[PDB]
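Novice: Can you keep this structure in mind? I'll have questions shortly.
Note: ideal-geometry Cβ built from the backbone for every residue, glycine included; neighbour counts use all protein chains shown. Readers should treat all values here as calculations from the given coordinates under stated rules, not as data from a laboratory.
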Amino acid sequence: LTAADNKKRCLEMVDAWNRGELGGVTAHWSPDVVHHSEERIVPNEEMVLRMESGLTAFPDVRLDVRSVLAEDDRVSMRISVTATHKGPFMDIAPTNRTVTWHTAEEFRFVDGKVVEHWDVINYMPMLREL
Amino acid sequence: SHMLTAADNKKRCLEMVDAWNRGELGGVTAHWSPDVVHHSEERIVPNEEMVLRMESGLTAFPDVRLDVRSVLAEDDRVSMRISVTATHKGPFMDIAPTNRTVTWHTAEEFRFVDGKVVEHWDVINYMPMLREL
């Protein structure tokens, strides 16, 4: 549907992540999504491993949406990401301290579902705290 | 402003990238407010500090080029995803130049008033370049 409807879907999924509502977290993703990071396509299996390692280290991660823009079939978001270092990350034992990183996400929609996704992630503020 | 202002802002952003790549600095700077507010990593970066960052970066990467991968515009804002490419020709962090090509990725957001950028936000992933130094 419209850009405003797609924007609402993206905000709903982020809100569902923070509030722990799994139904809402996955509701608007297509089963066949193509992901991109650093100008390469990231196979979905590699994306899963990324998420697994990240959630082991940062299980309480939260997403603070700083802006969202939508036009035609695309939505872009800027997100401040915060977590506590509670599990090992790259075999570094948890510090139990809060960490931050920053992302920009872009989503392409078809029929109300995200079919393609791009990210730009600045992990440096977190890596400095390891 | 009017309903086609977003399209105009998008055009201006693309014109500024094209001006950068062709070496016409005034085609970039014409559309920025002198009182622009820059944000990076959830802090405001003073304009003088942004200039110093650019000076340091261009010393290392004097031929930097900007490849727009996406641009979106809505109301008074424009977002761009850009692939940044350069050759490591000068010192960076006191590491001698490798003379090899490097790449990093940015996501930029611009807020316009009357055709000028008055606020700017970035998210920059330098890691693909840092891994090659």
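Novice: Which ³J(HN,Hα) values, rounded to whole Hz and listed in residue order, are derived for the range A:28-36 from phi using the Karplus coefficients 6.51, -1.76 and 1.60 in 6.51 cos²θ - 1.76 cosθ + 1.60 with θ = phi - 60°, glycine and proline given as x?
Specialist: 10, 8, 6, x, 10, 5, 10, 9, 10
Novice: Can I ask one more? Would you compute, from DSSP H runs of 4+ residues alone, the mean residue ellipticity of chain A at 222 nm, taking -39500 (n - 2.57) per run and dividing by the full residue count, rounded to the nearest 500? Show your work: numbers first, answer last.
Specialist: Values: 4 runs with 40 residues, N = 130.
Only helices count here, giving -9000 deg cm²/dmol.
Novice: Let me ask you something else. I need the calculated FRET efficiency for the pair residue A:41 and residue B:65, taking r as the beta carbon distance and R₀ as 25 Å, to the nearest 0.05. Write down the numbers at each step before the final one.
Specialist: Values: r = 23 Å, r/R0 = 0.91.
Between residue A:41 and residue B:65 the formula returns 0.65.
Novice: Now for a different question. Given the alpha-carbon gyration tensor of the range A:3-127, what are the semi-axes of its equivalent ellipsoid in whole angstrom, ordered largest first, with each equal to the square root of 5 times an eigenvalue? All intermediate terms of the calculation are to be shown ahead of the outcome.
Specialist: On the way: eigenvalues 127, 49, 38 Å².
Ellipsoid semi-axes (Å, largest first): 25, 16, 14.
Novice: Counting only other chains, what is the mean number of Cβ atoms within 10 angstrom of the Cβ of each residue in peptide A:112-122?
Specialist: Numbers: counts 0, 0, 0, 0, 0, 0, 5, 5, 13, 6, 11.
Mean inter-chain Cβ contacts per residue within 10 Å come to 4.
Novice: When the Cα centres of the range B:47-123 and the range A:102-130 are compared, how far apart do they sit, in Å?
Specialist: 18
Novice: Can you compute the label reach from residue A:1? Point 7 Å from Cα along the Cβ direction, backbone N cut-off under 16 Å, restricted to the range A:102-130.
Specialist: The answer is A:109-114, whose backbone nitrogens lie closer than 16 Å to the label point.
Novice: Let me know the mean shielding of B:66-78 by other chains, meaning the per-residue number of their Cβ atoms within 10 Å of its Cβ.
Specialist: Values: counts 0, 1, 0, 5, 5, 3, 9, 2, 10, 2, 0, 4, 3.
Other-chain Cβ atoms within 10 Å of each residue's Cβ, averaged: 3.
Novice: Hey, another quick one. Which net charge results for the neighbourhood of residue B:114, defined as the other residues with beta-carbon distances under 12 angstrom from its beta-carbon, given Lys and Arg at +1 and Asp and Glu at -1? Show your work: numbers first, answer last.
Specialist: On the way: positive: B:12, B:111, B:116; negative: B:8, B:76.
Neighbour charge sum, excluding residue B:114 itself: +1.
Novice: Please go through the residue pairs A:8/A:113; B:10/B:116; A:7/B:11; A:7/A:113 and name each one whose alpha carbons sit more than 19 Å apart in this structure. Numbers along the way, then the final one.
Specialist: On the way: A:8/A:113 12 Å; B:10/B:116 12 Å; A:7/B:11 23 Å; A:7/A:113 12 Å.
In this structure, A:7/B:11 lie more than 19 Å apart at Cα.
Novice: Which of these, B:118, B:36, B:51, has the largest mean-square fluctuation under a Gaussian network model of chain B (Cα springs below 10 Å)?
Specialist: Comparing B:118, B:36, B:51 in the GNM, the peak value goes to B:51.
Novice: Follow-up question, since we're still on this one. What does the protein assembly as shown give for Rg and for Dmax, in Å, if only its C-alpha atoms count?
Specialist: Every Cα atom of the protein assembly as shown included, Rg and Dmax give 19.1, 54 Å.
Novice: What does the average come to when, for each residue of peptide B:53-63, you count the partner chain Cβ atoms lying within 10 Å of its Cβ? Walk me through the numbers before you get to the answer.
Specialist: Working: counts 0, 0, 0, 0, 0, 0, 0, 0, 0, 0, 0.
Mean partner-chain Cβ count within 10 Å for B:53-63: 0.
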